[PDB]
Amino acid sequence: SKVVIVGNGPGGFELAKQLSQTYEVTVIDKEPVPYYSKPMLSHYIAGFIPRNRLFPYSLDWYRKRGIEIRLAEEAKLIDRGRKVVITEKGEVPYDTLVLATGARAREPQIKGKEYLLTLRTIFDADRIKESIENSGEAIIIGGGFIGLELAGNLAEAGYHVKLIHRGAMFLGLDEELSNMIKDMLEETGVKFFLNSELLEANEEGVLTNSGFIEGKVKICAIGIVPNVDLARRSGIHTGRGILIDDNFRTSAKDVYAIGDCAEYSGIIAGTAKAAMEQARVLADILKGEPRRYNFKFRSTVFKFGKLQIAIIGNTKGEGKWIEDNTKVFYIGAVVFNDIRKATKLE
Ligand SMILES: Cc1cc2nc3c(=O)[nH]c(=O)nc-3n(C[C@H](O)[C@H](O)[C@H](O)COP(=O)(O)OP(=O)(O)OC[C@H]3O[C@@H](n4cnc5c(N)ncnc54)[C@H](O)[C@@H]3O)c2cc1C
């Protein structure tokens, strides 16, 4: 059976590894480079690792695994009729198609948006790296993991970092925890502008409700937009993401979707860890081992400079400190710099 996978992010890459010893697997990705770790891109940008350390396996490793890897190749249409994927280089037949098309950075729509950078690919990381090497500074607009990772790693490398954020909540956490994360990153050298909204950007900085912040390098990190256009124009139903059932099946026979592009009951997980877990569960399902991925539960650890933080389950309840570095909810936990305690609470 030919399994074709569009996308070689952590979703598609993990799926391919899990299926290649069993099926005839082809991966199609429009980027000209093999799989690289996105969670490590801030580390690269800040100068802590060489660009090559982002690449865990060479092209020969896809070879050794029996995975046909088609790079610098964009899928234009899915011919469900035939059943083939049409790229610009040609046509790729499938018995099973999995869409792992991921997401793009939400683009800013303000006056002066042409001065704002986003971060999604290694190529964005390269441009951001060269811009902060030219300037010695960055302004970050946002405050999910990408913005805080970036700001934390940049400050730790000794760049001037300014972070502009609406409201005062970070990572969807309560205001106490959000303030603690802020304080810890401040001590590291991050200058925060909370309760602050962008009105416009120009060459030399950004205007907010509460003033003008100087910086020629601005990076916007305000969210993602799932890539659903390939599906949409192939007659596959989409909402915010490609609409899947609890077995990752789309509205189209023989077409599945996983990762940042896939939406199940209003949820897109939005992490590499989730994307890889979905790939594993889908691999089990395709191999006739029924499995029920828990779409609700998230558990992930982020590293913002030296600060490691585990966020586990439901943190939307009322929380209580029971030990050093650990706030639990009564169903969830947040753990600062303690992987051991994070594992046992999960
Ligand atoms: C800076 C940064 C830091 C991050 N840090 C963390 C972290 O610390 N922890 C964490 O869990 N997650 C982190 N993430 C998120 C994680 O990287 C994403 O959740 C993950 O990348 C999603 O994986 P994916 O396989 O679904 O999609 P993607 O990584 O978006 O890959 C989709 C692939 O599909 C390809 N593609 C799309 N359409 C087509 C087409 N039509 N034809 C051919 N190819 C196509 C694209 O080129 C792309 O390679 C971070 C992300 C960024 C950007």
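Counting starts with 1 at the first residue shown.
Technique stated in the header: X-ray crystallography, 2.3 Å.
Every residue, even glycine, has its Cβ placed from backbone N, Cα and C.
Feature annotation from Swiss-Prot assigns FAD binding site to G11, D29, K30, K38, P39, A75, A103, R120, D260. Long-range Cβ proximity for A103 (FAD binding site), meaning a same-chain Cβ under 8 A and a gap of 6 or more residues, is found for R120, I224, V225, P226, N227, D260, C261, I268, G270.
Cβ contacts within 10 Å of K30 (FAD binding site), excluding its own Cβ and spanning all protein chains shown: 16. Summarising the environment of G11 (FAD binding site), the number of other Cβ atoms within 10 Å of its Cβ, over all protein chains shown, is 30.
Long-range neighbours of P39 (FAD binding site) (same chain, six or more residues apart, CB within less than 8 Å of its CB): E149, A272.
Distance across the unmodelled 5-residue segment, from the CA of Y330 to the CA of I331, is 5 Å in the deposited entry.
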